[PDB]
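Residues per chain, in single letters:
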Amino acid sequence: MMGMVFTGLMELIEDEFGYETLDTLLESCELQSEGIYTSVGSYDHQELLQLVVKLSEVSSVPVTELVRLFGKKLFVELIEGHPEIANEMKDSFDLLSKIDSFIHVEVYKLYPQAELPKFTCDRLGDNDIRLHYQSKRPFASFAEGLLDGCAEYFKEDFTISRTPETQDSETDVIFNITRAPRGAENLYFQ
Ligand code: HEM
């Protein structure tokens with residue numbers, strides 16, 4: 001949803017940086033009518049990168065710290081945004097189970113402009129989960145922002161890691177998600 005992420009971007013720059021700063025951003029892309037068309041249109045990916053680059057120059061904000069804050073705000077926007085989308089879900093682990101089975105099936109059927117990659121889930125056990133992600137445009141900071149944001153609304157603490165074998169390789173990325181020890185504090189026995 002390129003239209004929906006545009007709405008999220010306008011709210012974030014105006015509220016935390018200013019309206020004058022917000023005005024400079026709208027000049028880099030340039031308006032045409034008002035600026036807020038609501039979520040219903042789809043723009044290119046270069047459109048997203050062009051405003052992102054202006055952010056690193058107009059406010060001097062790093063592209064990695066900006067991508068982290070961005071993921072947190074938009075994800076919690078969808079949670080309170082759709083009560084039946086969070087009602088059907090029962091937990092974060094269950095989220096991974098139908099993250100593409102039904103959540104991205106409704107999105108895909110709705111508008112065909114969106115394009116998604118491939119996702120395969122392997123389950124090593126109860127505290128071990130592996131996710132395979134095949135895409136030619138893999139940004140780890142982007143995916144982590146979305147998974148941790150989810151654990152932000154639920155209020156939890158999971159750890160998302162990565163493996164160094166494909167750590168610096170595109171197309172194939174291996175992620176390891178584990179549950180950090182919690183619940184009292186049992187190291188082992190005594
Ligand atoms: C944290 C949970 C979810 C994960 C892990 C996830 C992740 C992703 C990823 C990785 C993509 C595309 C990334 C890329 O190709 O660069 C994507 C795009 C998208 N997701 Fe999700 N998604 C999740 C939940 C949701 C939810 C809740 C919905 C909304 C009901 C949803 C709707 C979409 C849409 C509309 C796109 C397409 C955006 C675009 O085309 O640029 N996602 N999702």
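The structure this text deals with has already been given above.
Residues numbered from 1 in each chain as written, not as in the entry; some residues may be left out. Heavy atoms only, no water.

A. Quick peek at the site of the ligand. Not every one of the 13 residues close to the ligand is listed here, only the nearest: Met1, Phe75, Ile99, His104 and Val107. At a separation of 2.8 Å, a nitrogen atom of the ligand approaches a polar side-chain atom of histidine 104. Listing elements by their share of the shell around the ligand, those giving two or more residues are α4 (63-81) and α7 (99-110). Per element, the largest residue contribution to the shell around the ligand is four residues, and it comes from α7. Class assignment of the residues belonging to the shell around the ligand gives a composition of twelve nonpolar, one polar and no charged. (Near = heavy atom within 4 Å. Polar contact = N/O pair within 3.5 Å; in protein donor to acceptor, adjacent residues only side chain to side chain. Helix = DSSP H or I, 4+ residues; strand = E, 2+ residues; numbered from the N terminus. Nonpolar A, V, L, I, M, F, W, Y, C, P; charged D, E, K, R; others polar.)

B. Seen up close, the coordination of the iron atom of the ligand. Among protein residues, the single donor to the iron atom of the ligand is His104 (NE2), with a metal-donor distance of 2.2 Å. Secondary-structure assignment places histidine 104 in helix α7. (Donors = N, O, S within 2.8 Å, 3.2 Å for Na, K, Ca; no water.)

C. Seen up close, the sheet that holds strand β2 (residues 128-135). The strand order across the open sheet built from four strands is β1-β2-β4-β3, with neighbouring strands paired in antiparallel fashion. Of all strands in the sheet, those with a lone pairing partner are β1 (118-123) and β3 (158-162), marking the two edges. Each neighbouring strand pair of the sheet contributes to a mean axis angle of 20°, computed without reference to strand direction. Relative to β2, β1 is paired through six bridges, and the arrangement is antiparallel. (Pairing = 2+ DSSP bridges. Axes fitted to C-alpha atoms, helices over the stretch in contact; angles between N-to-C directions.)

D. Highlighting the side chain of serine 135. Turning to its location among the elements, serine 135 is positioned in strand β2. With a relative accessible area of 17%, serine 135 lands in the buried category. A distance of 3.5 Å separates a polar atom in the side chain of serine 135 from the backbone nitrogen of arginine 137. Other than its neighbours up to four places away in sequence, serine 135 contacts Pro117, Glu170 and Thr171. (Buried < 20%, exposed > 50% of the residue type's maximum accessible area, 1.4 Å probe, protein only. Contact = heavy atoms within 4.5 Å.)

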